[PDB]
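Here the Cβ positions follow ideal geometry from the backbone for every residue, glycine too, while neighbour counts run over all protein chains shown. Bear in mind these aren't lab numbers, they're just calculated from the coordinates by the rules spelled out.
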Amino acid sequence: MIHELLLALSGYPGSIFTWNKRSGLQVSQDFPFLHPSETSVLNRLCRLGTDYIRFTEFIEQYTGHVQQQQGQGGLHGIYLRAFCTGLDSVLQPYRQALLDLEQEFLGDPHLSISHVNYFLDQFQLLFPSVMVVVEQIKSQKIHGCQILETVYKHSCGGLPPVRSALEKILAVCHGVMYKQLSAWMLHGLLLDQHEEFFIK
Amino acid sequence: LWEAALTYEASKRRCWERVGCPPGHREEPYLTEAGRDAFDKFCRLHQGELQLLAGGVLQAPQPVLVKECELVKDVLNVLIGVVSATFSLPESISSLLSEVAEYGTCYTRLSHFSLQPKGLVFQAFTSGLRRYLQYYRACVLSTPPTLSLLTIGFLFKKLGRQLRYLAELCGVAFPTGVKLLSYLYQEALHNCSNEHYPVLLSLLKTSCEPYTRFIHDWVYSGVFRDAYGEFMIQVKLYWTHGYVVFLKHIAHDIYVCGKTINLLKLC
Amino acid sequence: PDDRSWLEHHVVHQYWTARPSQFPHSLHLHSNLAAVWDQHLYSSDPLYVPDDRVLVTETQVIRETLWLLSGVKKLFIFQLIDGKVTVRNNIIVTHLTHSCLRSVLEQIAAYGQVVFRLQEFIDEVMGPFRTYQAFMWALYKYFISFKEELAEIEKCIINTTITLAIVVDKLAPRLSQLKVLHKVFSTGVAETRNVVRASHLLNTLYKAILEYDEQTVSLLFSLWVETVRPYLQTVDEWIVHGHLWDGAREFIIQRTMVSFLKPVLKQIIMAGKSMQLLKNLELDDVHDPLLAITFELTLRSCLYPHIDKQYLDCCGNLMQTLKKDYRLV
């Protein structure tokens, strides 16, 4: 209940909270040791975990496609190997917060579900705003250095948590770009990654 | 005192239902109140609501089991490779278990692929994989020494995916000899920076040790060394040294320095 | 039976299904008021039907009122019938025959309407205007500390239970500020262009500080600084990047107004232009250290040296490079 929900919020699609492609993490089983107003509370909470599942799916799905089978296809490039590396890093503090909830329920197990939703109201500010960036990356064919562009358009943001998350993702993408610029300035090497980093 | 005193004690709440001269009786408990003891009642009830729509035979295993700690110890045994009582080699426990079983099942697929240490560079690659095995066995049962259930899943989520990439790298035909060593070479160019990049770099750093030992042969003793055909230069006009990883620019220098050492041995 | 018998006999389900109350009884006054209240109903005419409904005890209503005031909505009581929450009166509470209780829960639901409006403005982004966003952020920073108190109070019901009057009198220094927030939000949704749609809220916020110039005006100040973050950021962009930030002209300068930056406004325009006319040949992070260490009287006159020194440096450098190597005199 207060570990089962925390399992569904993490990188598992549950079965109590049913994963669907039309409506993720539905509570439909109306437990007679839940209060009926917690159903709406779970409907508030489950969008966050749905986003966490989608980000987890995005890291699991895409890694140079699989193992290197120009550079169009779906969503790859050395920069989105970096983007999944950054996406795992932005999902780490959510794991830390669920660990803090688990230790809190060692302290007091009589707290209701609304306390859990209230504790994870801080991550309902970060995750919906960074969801739209990944949706724009998925819908449009933006997978090259313009992914650094479409992160940088949204990383200049208005909330300190979403600024930090997009900072992490943009940082690892610049890390790849500066290593290939080191091959540009020390070895004279171009197309380190074939047509994907400011080179014909 | 304690339970008897609490059971007796008149409440500071007096209800708006009834007023005047109460004997007083406590709170009416809530339904989300104490959320870890009534799973059993409803796992039967959800089963009943499912059976009504399913005709009468669908069922759902695990209405409970077992504890927190025993479940933790079995899940920790899954990642080593020992399957639980629900495998052979509430309802969403299976929703946890499917993602921790899969990370388990590939780990055996490295140890079974490291059961023996062919090609000498192939043995070097196997011994390089053995180092990640020795790291991973030290990672587990130091940080989770039977803690609660979700610490197990959280700690090996960032770590299990890195292991699942190494499952994709291995075969468990499979390239061997120089065909392995180029295949591990090109991979390092394919992955410049990822969380899997230091593991590939650590494999590649120890995968070129026998190749450097073969390179060391022609210069210092003029020796053509083959045991499986695991060196790039393989097999006349005066010398029988072989002639058709490094570039060919260094390989031709190796081919002529073997002939030079063959001349200087008689000098 | 067995499991369901335990569920019905130790907890509710006579509150979401029409069943008799399992909250324990005896006879006479508080025990079972049913006989004497039935006699009072019969003597004064119970019309033609004795007053009887599903019946619920007080504590369920207490935690529902704290859930409604806390921020979450759509409960069993305080149903939303047409857009505004109101009490469900098809539930009997036997003493007062839920008529005085209707008035007290109607006042509490009237406060819950304000809570619904703020959470509705919250919900229209999560699940851009860039000034509404900075507004709903400081609104969030209020609500996290706000419903912390209600969670702490709701814990004390479980640990004996505490009456409704204590917990509604406990939340008075928050509801007194909630009336101020109600008057704040009214012009933030009342509204053509995106610049007047922000000016209408921001000038009201600038005016409401003078209304209380206790604990309300400090909340208004901390809310007020965090809604002019895009304007200070945009002014600093106009200084050091040489370009006004564009948002389909969210900004005031075409390239009426608020009076937050009007007495220093000539020191702003003549700054930003003087950067680009220099190129034709941070600042918010200084203001926030002042917020770290009487408001809109003396502190407002300390904002203007921050832009004034940078303005003086820019215009003096531009005048200096025009008075040498071209030498206007």
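If you check A:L75, A:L87, which single one turns out to be more than 10 Å from every other protein chain (Cβ to nearest Cβ), under 19 Å from A:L170 (Cα atoms), not β-branched (V, I, T) and not in a helix (DSSP H, G or I)? Outline the logic, then answer.
Details: A:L87 fails: not in a helix (DSSP H, G or I).
Step by step, each of A:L75, A:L87 is checked, and only A:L75 is more than 10 Å from every other protein chain (Cβ to nearest Cβ), under 19 Å from A:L170 (Cα atoms), not β-branched (V, I, T) and not in a helix (DSSP H, G or I).
Taking helices (runs of 4 or more DSSP H) that fall entirely within region A:104-200, which contain at least 1 residues that are closer than 30 Å to C:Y231 by Cα?
Numbers: elements: A:113-119, A:123-139, A:146-152, A:160-186.
Of the helices (runs of 4 or more DSSP H) lying wholly inside region A:104-200, those with at least 1 residues that are closer than 30 Å to C:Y231 by Cα span A:123-139, A:146-152, A:160-186.
Conditions: (1) surrounded by 14 or more Cβ atoms within 10 Å (Cβ to Cβ); (2) under 30 Å from A:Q193 (Cα atoms). B:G153 meets all but one. Number of the miss? The one condition B:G153 does not meet is (2).
Of the residues that make up region A:107-116, is at least one among the hydrophobic types (A, V, I, L, M, F, W, C) and at the interface with chain B (Cβ under 9 Å from one of its Cβ atoms)?
So the first thing to find is which residues in region A:107-116 are among the hydrophobic types (A, V, I, L, M, F, W, C), and the list is A:111, A:113, A:116.
When the remaining residues are screened for being at the interface with chain B (Cβ under 9 Å from one of its Cβ atoms), the result is A:111, A:113.
Yes - at least one qualifying residue is present in region A:107-116.
Residue count for region B:12-40 under the criterion of being within 7 Å of another protein chain (Cβ to nearest Cβ), among the acidic types (D, E) and out of contact with any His (no Cβ under 7 Å at 6 or more places or on another chain): the result is 2. Meeting the requirement of 3 or more residues that are surrounded by 13 or more Cβ atoms within 10 Å (Cβ to Cβ), more than 28 Å from the chain's Cα centre (by Cα) and of a type in the set (A, V, I, L, M, F, W, C), the helices (runs of 4 or more DSSP H) wholly within region C:221-329 are C:229-240, C:266-279, C:300-322.
Considering B:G119, B:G24, B:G35, B:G104, which residue is under 29 Å from C:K155 (Cβ atoms), of a type outside the set (D, E, K, R) and under 34 Å from the mean Cα position of the chain (by Cα)? Walk me through it before giving the result.
Working: B:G119 fails: under 29 Å from C:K155 (Cβ atoms); B:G24 fails: under 34 Å from the mean Cα position of the chain (by Cα); B:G104 fails: under 29 Å from C:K155 (Cβ atoms).
Of the residues listed, the single one that is under 29 Å from C:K155 (Cβ atoms), of a type outside the set (D, E, K, R) and under 34 Å from the mean Cα position of the chain (by Cα) is B:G35.
In the condition set (1) buried (at least 17 other Cβ atoms within 10 Å of the Cβ); (2) within 11 Å of another protein chain (Cβ to nearest Cβ); (3) more than 30 Å from C:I62 (Cα to Cα); (4) not hydrophobic (A, V, I, L, M, F, W, C), A:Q68 is compliant with all but (1). In summary, A:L99 fulfils each of the numbered conditions (1) of a type outside the set (D, E, K, R); (2) under 23 Å from B:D37 (Cα atoms); (3) assigned to a helix (DSSP H, G or I); (4) more than 7 Å from chain B (Cβ to nearest Cβ) with the single exception of condition (4). Restricting attention to region C:48-66, the residues that are touching a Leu at 6+ places or on another chain (Cβ under 8 Å) and closer than 21 Å to A:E38 by Cα add up to 6.
Output the helices (runs of 4 or more DSSP H) that fall wholly within region B:156-252 and possess 3 or more residues being away from chain A (no Cβ under 14 Å) and more than 24 Å from B:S127 (Cα to Cα), or say none. Give the derivation first.
Values: elements: B:157-169, B:178-190, B:197-207, B:209-220.
Of the helices (runs of 4 or more DSSP H) lying wholly inside region B:156-252, those with at least 3 residues that are away from chain A (no Cβ under 14 Å) and more than 24 Å from B:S127 (Cα to Cα) span B:209-220.
Inside region C:32-57, residues that are in a loop (DSSP other than H, G, I, E, B) and surrounded by 17 or more Cβ atoms within 10 Å (Cβ to Cβ) make up a count of 4.
Restricting to region A:9-36, and then to whatever is more than 7 Å from every other protein chain (Cβ to nearest Cβ) and buried (at least 23 other Cβ atoms within 10 Å of the Cβ), can you tell me which residue is farthest from C:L80 (Cα to Cα)?
Narrowing region A:9-36 to residues more than 7 Å from every other protein chain (Cβ to nearest Cβ): A:9, A:17-28, A:30.
Within this subset, residues satisfying the condition of being buried (at least 23 other Cβ atoms within 10 Å of the Cβ) are A:9, A:17, A:25.
Details: A:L9: 29, A:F17: 26, A:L25: 25 Å.
Across region A:9-36, the extreme among qualifying residues is A:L9.
Working only within region C:146-174, note down all residues that are among the hydrophobic types (A, V, I, L, M, F, W, C) and surrounded by 16 or more Cβ atoms within 10 Å (Cβ to Cβ). Answer for region C:146-174, where residues must be among the hydrophobic types (A, V, I, L, M, F, W, C) and surrounded by 16 or more Cβ atoms within 10 Å (Cβ to Cβ): C:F146, C:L150, C:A151, C:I153, C:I157, C:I158, C:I162, C:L164, C:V167, C:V168, C:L171.
Can you name the residue in region A:117-149 that is within 14 Å of chain C (Cβ to nearest Cβ) and touching an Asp or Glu at 6+ places or on another chain (Cβ under 6 Å) and is also surrounded by the most Cβ atoms within 10 Å (Cβ to Cβ) among such residues? Ranking the qualifying residues of region A:117-149, first place goes to A:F127. Scanning region C:137-163 for residues that are farther than 13 Å from C:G71 by Cβ, within 12 Å of another protein chain (Cβ to nearest Cβ) and not charged (D, E, K, R) turns up C:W137, C:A138, C:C156, C:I157, C:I158, C:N159, C:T160, C:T161, C:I162, C:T163.
Here is a yes/no grid of residues against (1) more than 29 Å from C:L27 (Cβ to Cβ); (2) in a loop (DSSP other than H, G, I, E, B):
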| site | (1), (2) |
| --- | --- |
| B:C21 | no, yes |
| B:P29 | no, yes |
| B:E33 | yes, yes |
| B:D37 | yes, yes |
| B:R44 | yes, no |
| B:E49 | yes, no |
| B:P63 | yes, yes |
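Among the residues of region B:73-102, those identified as crowded, with 17+ Cβ neighbours inside 10 Å, within 11 Å of chain A (Cβ to nearest Cβ) and not charged (D, E, K, R) are B:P90, B:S92, B:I93, B:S95, B:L96, B:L97, B:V100. Taken over region C:40-76, the residue count meeting the criterion of being within 14 Å of chain B (Cβ to nearest Cβ) and either farther than 30 Å from C:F116 by Cβ or under 26 Å from the mean Cα position of the chain (by Cα) (or both) is 14. The set of residues from region B:118-145 being surrounded by fewer than 17 Cβ atoms within 10 Å (Cβ to Cβ) and within 14 Å of another protein chain (Cβ to nearest Cβ) comprises just one member, B:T143.
Which one of A:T39, A:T50 is surrounded by fewer than 18 Cβ atoms within 10 Å (Cβ to Cβ), more than 7 Å from every other protein chain (Cβ to nearest Cβ) and of a type outside the set (D, E, K, R)?
Working: A:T50 fails: surrounded by fewer than 18 Cβ atoms within 10 Å (Cβ to Cβ).
Result: A:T39 is the single residue among A:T39, A:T50 that is surrounded by fewer than 18 Cβ atoms within 10 Å (Cβ to Cβ), more than 7 Å from every other protein chain (Cβ to nearest Cβ) and of a type outside the set (D, E, K, R).
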